[PDB]
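Below is one structure; the comments refer to it alone.
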Amino acid sequence: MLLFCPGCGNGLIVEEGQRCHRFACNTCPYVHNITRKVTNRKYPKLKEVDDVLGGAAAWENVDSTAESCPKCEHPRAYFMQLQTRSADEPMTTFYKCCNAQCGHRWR
Amino acid sequence: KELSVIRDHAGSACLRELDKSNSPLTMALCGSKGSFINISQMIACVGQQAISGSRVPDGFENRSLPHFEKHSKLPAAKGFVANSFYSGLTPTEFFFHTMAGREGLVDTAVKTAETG
Amino acid sequence: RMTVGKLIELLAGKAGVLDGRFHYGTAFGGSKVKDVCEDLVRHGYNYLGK
Amino acid sequence: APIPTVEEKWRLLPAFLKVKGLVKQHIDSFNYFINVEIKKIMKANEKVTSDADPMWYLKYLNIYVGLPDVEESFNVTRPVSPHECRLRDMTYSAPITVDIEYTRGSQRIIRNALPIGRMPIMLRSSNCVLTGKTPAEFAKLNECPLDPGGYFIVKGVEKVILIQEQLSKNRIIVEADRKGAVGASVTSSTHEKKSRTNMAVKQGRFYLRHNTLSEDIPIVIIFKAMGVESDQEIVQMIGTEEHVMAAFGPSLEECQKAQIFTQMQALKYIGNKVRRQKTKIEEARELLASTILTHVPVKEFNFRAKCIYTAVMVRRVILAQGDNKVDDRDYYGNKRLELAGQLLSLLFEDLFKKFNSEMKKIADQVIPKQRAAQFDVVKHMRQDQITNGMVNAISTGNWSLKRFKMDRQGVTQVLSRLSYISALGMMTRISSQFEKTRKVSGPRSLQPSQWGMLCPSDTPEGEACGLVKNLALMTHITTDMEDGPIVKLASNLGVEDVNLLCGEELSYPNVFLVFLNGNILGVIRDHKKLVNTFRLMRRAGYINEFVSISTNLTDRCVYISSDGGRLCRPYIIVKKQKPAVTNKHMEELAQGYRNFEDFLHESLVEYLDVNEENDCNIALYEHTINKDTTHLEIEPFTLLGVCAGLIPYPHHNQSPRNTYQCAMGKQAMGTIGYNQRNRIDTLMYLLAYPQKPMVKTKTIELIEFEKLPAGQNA
Amino acid sequence: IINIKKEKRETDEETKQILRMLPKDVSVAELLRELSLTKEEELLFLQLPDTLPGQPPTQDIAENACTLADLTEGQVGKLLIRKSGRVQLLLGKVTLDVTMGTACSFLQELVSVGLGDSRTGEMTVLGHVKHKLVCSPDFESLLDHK
Amino acid sequence: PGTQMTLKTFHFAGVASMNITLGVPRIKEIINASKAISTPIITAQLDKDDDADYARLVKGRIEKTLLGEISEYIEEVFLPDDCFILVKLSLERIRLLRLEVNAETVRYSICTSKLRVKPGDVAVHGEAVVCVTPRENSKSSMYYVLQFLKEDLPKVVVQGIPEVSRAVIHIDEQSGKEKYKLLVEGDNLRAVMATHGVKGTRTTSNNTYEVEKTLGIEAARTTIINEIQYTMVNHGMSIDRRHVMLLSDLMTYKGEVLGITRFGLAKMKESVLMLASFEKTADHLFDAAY
Amino acid sequence: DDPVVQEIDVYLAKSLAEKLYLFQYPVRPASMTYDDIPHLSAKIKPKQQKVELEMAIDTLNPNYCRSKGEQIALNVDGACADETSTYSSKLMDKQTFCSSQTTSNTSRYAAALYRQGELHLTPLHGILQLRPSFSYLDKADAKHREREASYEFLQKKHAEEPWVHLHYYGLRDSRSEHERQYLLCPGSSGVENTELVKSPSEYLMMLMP
DNA sequence: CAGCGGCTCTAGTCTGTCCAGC
DNA sequence: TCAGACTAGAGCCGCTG
RNA sequence: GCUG
Ligand SMILES: [Zn+2]
Ligand SMILES: [Zn+2]
């Protein structure tokens, strides 16, 4: 912790004297004998998170279901739509289809 | 998910009542031009406007635009367009559609120099 | 391309030439489809221009 | 019950375009150059004195810009119109005339109208022959009433100075380095010097870097060199929280390893690091007083006001490591716009100083050599330095002013005449700063801060995408304010001088700083009373209406900005769920009883700014007004610009389609103007039987596109 | 070890790190403590506006600024404490608002310096200063009236 | 296909986390054959994959934990006779996270690469406490180096692999089975192949340089095939395997993974005029003269 | 909101208006006061106000490391010369305080001696910050450096003003309790002021010209 | 007790950034 | 503008004699 | 600068 000299207000440093450890100024004679226990606790943050991930419900919390893919026609699906390329005047879609775990991903 | 689920539900209903002979429906079925997203987007509901795969980032301090309250995480405050292109976009919604659209031009430009 | 505004411009213009009006197409406003549909049927054309 | 509507509120927009907007942004900068800034340049350079043979001196009293004139073969001169300049390939220019006081042995000889050069006069400015004419008298001049002006004619080509987008100088950026460290910088541009200074954390300890130091130096040595010698008073300024002290801790432990405990020792340390362009002590002490953080004033080598500023920087670096609130350059409050008059001001200051130094050189050659006759400098006033400096810079578009290290290129473009919209479109363009260096995809994106200031859709498709941008229909760019009454008011609203306190107050939660243009004015408690009272003093006309004030509660500052170049937009004031604007007020405006300026005075309309609409809550429509609303949007179609204003029903179209029409609509064949048959151009396209659009915007009626249309109904 | 020269922990209100073993006040509370709870006299230090609402009396001018150095001794005004903690300094026809300044916690000493002779004189410490008051014009009321 | 890849999003390797480069920057990373890439990911298969209690043990043997993350406080103590820095371990949090560390092990985490701290200077007075008696650095420093250690001693690594930033458990969704694979975001394949309880025969890596250094040129050759084909399939492109096969055989026929950069081409191609007609056109022509 | 409590009269005193200074010590907390410490000198320049003080620090108290005090005094002063010397004894006896000037004008600042039911204002001639000086360390280095071996004009202008020496009377001394009465002004309880007669609209136009 | 040597680390520097039209 | 994988240096400590 |  920062502690400052009552005289000149520079920063104190800890050093050792002939009877005690002392807080001492570098620029004036002031010293302070450490007579008793003094402490300073930082209290850092623990890495609490355990975090399992990748569950199927965490995958299918998106709108689409019971639609039709051009590959395997299954109802349990995971869709996507894009437009951010205006060279493509047509729309852009991508689909995931996982009822039979077939796993297509096309345009 | 709730918003995207609402969009999916509003799209199915429109297709169910669209009569055969609706020209837009034909071009989607035969695959010559368009898709069921495009039909649902101009009749029923334009989607969540997404920039780099996420809802609209805060371009002011803790809010997207000054028209919404700070820290608000509501649908319309972050780019959900509840209007279709038939009903016409609101000042606020139009700006969101344009922004997601502009990521289109930005990506195409970047790819060309590198891919060459 | 979803240029629904071209489809409305054709309809608003048609209802306009038939009665000597300029229909407005201002952003976030403009003349509505429900108004121009009734102008076409008054002049004997189909309300959706077909 | 529904909230009632005032349906005539749209009329505020035609009343606004009579005075601001419609290419006035360009005209109201050039007018400010030739009517005031040309006098400040002369005032800062009013005396010249030859080093050899003193007590002989030339003095400048006043400067005039005059009216356009052509100089002909037998020295006959006659006034000229803009169209005669287009045909004969000459430059549309007015003579700079100056009056001088100088010595011919008799120590006061005067000249009242010495021509020292010629100034290109921008069309429809205060000295152009077109201004204030009626449409029947434009016909005598072969000019079109709808032609916007805002451009020059130099050697018969029409050249536009484009609006340049810039970063705001004198502002603390806090940003990440390439290596993922966090640092800070402040580009400290003053009229006498521009310089950058950086705050780096390269080993967990704070170093200051500058180009006049051969190596970057520990910040505690700079504090000690500025005369805050005690380590305690340094840490009081930086901050007194335990984690802020723990972060600054390893930097005290560096200075205590060196023998730097005294101001003289610290100045000696800096002296042995200075790159050489008294030695150690004064090349350091002068450097801190004049070049490091040069925008912060030190009056008589008192460094207290600079210590508080460099403490603010270090604290923001510390609190940006614990959470990565790095700032974004893309927010438009930070961006600034430099117009025609502010570029020409720099060019003329360079040319006038080269003129005085060339004339000083002439005096130094002839006075201690040639003749007993006390020569008059009038015989050496060669005009060509001013005229050819102006005309070459405007024609070529390169502005290499070595005085301010500026080497911009591509500043001017030829005004496009493919159509009426192509000309008016070009007058609203905003070139960016990066200028296509590489595919960044960061400033090319549409930032939400562009709301109502810059057009969403009108951007090129191609490599320029997102870097060329256009103004919206209802935007205004501020000029530079007098800056005087803002200080005299603020010092009465309970602000306290920062010299009267130690560091520690800056770390209290109830103490906010006040900044004016990056110079701290002091500290205040109860910032809400300050901000509210300052806005009231603005609304009642005691403070100029373009002065914006806003709060940042995350970093505890109140900012007051009075500099020119920031986008303003008008809004209606709303108090207690009721809009100030009323149907009766709109009816009076239609009758002409009241004007847009009257609305500003009666506190019915005020100009918000991109840093200030960060605080405000703005209703789009009257039915959206809630309990905490401060402003109401005048007309929301003015979010779109000029070219996008041709599109019927743009809100029913997918957004890339609108962008393409904004490109195609500049290229459509049509009608340039009424003078189009008396006009000789490199290439002109006309449609034989044009028709006006059967479906049209209100924007088409404001810009008068249906007077000279470009298309046919099919 | 000397108990009155302990090392300075950095927050000056929190100087004691080693031992033998705050909220914010408002101007209504400050004046109430020094009237009822404790009759002891205390030195405030207040900052007035740059111009007071007066004319320099016979001072040979131009509508120049008016300061406390120009006025004459006597009653200068009245200080009102209202309900709800509002405090006003009525200093003429106009009322100025009074609010608490930054809470200083370093030592401040109010001292006289008198050069009673050409080269020598007396320096006298009159007391410590603890609280700062800020006086400001009430721009809303001054303007609303006219 | 690189011109068709719109730099799409909505890709997270199936784990609602662990973002990956894909599209043109991923193809660019493969063909450059750079020794380090963004987000290198090691997929570790667990042998006793039955239940989560076994996964969290071996996750804790690879994922880095710092000393500060397991200590409930660190304190400086100044006494009249000596001064030291003390660290008390939170043995409750050790007992939950299933780590194999105690006070006697933390003495072995310290003494390596930490200002030449002596073994004698570190004491283990109880099963929960450690004390580090500071010594003069005797090189550009003052004995007051306690203020260095007070910010440095928490960041020492007590357990795990230093190159691993994080690890995550992933669960399958097939009806037939449920087993947990471990995804490692880090760049030491050899260490993850050698921790007790990872099935080392079936772990893989994105990074061709790691696979080459650990498993040889023929495993690196297959990784170029697998990774290009993975990137193409995600963007819905399809290429016959014989094209990506030839590309990988071209990059590995000289025994080292050579990039398609100018540096790799200078090791593959002998011709001066071929080399001078791509990049560095001056230097190749003066070298051929010399 | 009626003025239900403490209608307080406010008076103005001029008897100290050219004498009264605010000294403040940015690094010394409000509880540690120099009231006990014996002061050895006070120096002032009355124009370009720059006060300097010297305070004595004792040596028989335990907080003084005499071994280090002998060393620092030997660095500053040559071992036995004592014709000119910062410290008379072989130890560091004194701390010197050097002022910085806060503001050029002080016209708007007033000290306010509160008494029950009344407030007494008095103008300030100056506001100075007093800091502990580290010049003695620089002198010690200069002695070592010699053994081992515009700011110029502006400082010479400040050297023209001759030092004024002052006798220091601390807060305990009866002269402090005496002169503290000159912050009051003799006057009647109720007086209507001849000045300050301006109206709100004249006052607004005066502060906002 | 001293000296190679490789490691290891700064950091320094030169080297690219689509095709084409007007 | 943004890496980027080369090329020397400065060391470093510790066996290597 | 724009088109491709
Ligand atoms: Zn000290
Ligand atoms: Zn499928």
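Residue numbering restarts at 1 in every chain; chains get A, B, ... in the order shown in the structure tokens, and ligands count up from 1 in that same order.
Here the DSSP assignment of helix (DSSP H, G or I), based on backbone atoms, applies within chain A to residues 56, 57, 58 and 59 of chain A.
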Could those residues be written to a file, using N, CA and C atoms, as a CSV table (one decimal), in the first residue's frame?
chain,number,residue,atom,x,y,z
A,56,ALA,N,-27.6,-30.0,-27.1
A,56,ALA,CA,-28.5,-29.9,-28.3
A,56,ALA,C,-29.5,-28.8,-28.1
A,57,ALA,N,-30.1,-28.6,-26.9
A,57,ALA,CA,-31.0,-27.5,-26.7
A,57,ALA,C,-30.3,-26.1,-26.9
A,58,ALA,N,-29.0,-26.1,-26.6
A,58,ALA,CA,-28.2,-24.9,-26.8
A,58,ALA,C,-27.9,-24.7,-28.3
A,59,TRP,N,-28.1,-25.7,-29.1
A,59,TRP,CA,-28.0,-25.6,-30.6
A,59,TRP,C,-29.3,-25.2,-31.2
Go through the chains and note each residue within 7 Å of ligand 1, using only C-alpha atoms (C1' of nucleotides) and all ligand atoms, then give the set as a ChimeraX atom specification.
-> /A:5-10,25-30
Residue hits in chain D, query chain E, radius 6 Å, only C-alpha atoms, as a PyMOL selection string = chain D and resi 240+492-494
Output file for the residues above (N, CA and C atoms, as a PDB file, in the first residue's frame):
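Here's the written file result_0.pdb:
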ATOM      1  N   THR D 240      -7.490   8.202  -6.174  1.00  0.00           N
ATOM      2  CA  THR D 240      -7.261   7.718  -4.821  1.00  0.00           C
ATOM      3  C   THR D 240      -8.022   6.434  -4.505  1.00  0.00           C
ATOM      4  N   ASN D 492     -20.108  32.068 -13.681  1.00  0.00           N
ATOM      5  CA  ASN D 492     -21.169  32.482 -12.778  1.00  0.00           C
ATOM      6  C   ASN D 492     -22.119  31.357 -12.405  1.00  0.00           C
ATOM      7  N   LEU D 493     -22.119  30.255 -13.149  1.00  0.00           N
ATOM      8  CA  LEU D 493     -22.953  29.100 -12.838  1.00  0.00           C
ATOM      9  C   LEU D 493     -22.323  28.155 -11.821  1.00  0.00           C
ATOM     10  N   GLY D 494     -21.488  28.679 -10.930  1.00  0.00           N
ATOM     11  CA  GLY D 494     -20.933  27.904  -9.840  1.00  0.00           C
ATOM     12  C   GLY D 494     -19.752  27.017 -10.157  1.00  0.00           C
TER      13      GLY D 494
END
Step by step, measure atom-to-atom distances between ligand 2 and each residue using only C-alpha atoms (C1' of nucleotides) and all ligand atoms, keep those at most 10 Å, then write them as a ChimeraX atom specification.
-> /A:68-78,95-106
H:7, H:2, H:14, H:19 ranked by distance to residue 13 (chain I), top pick (using only C-alpha atoms (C1' of nucleotides)) |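 Among the listed residues, the smallest separation from residue 13 (chain I) belongs to H:7.
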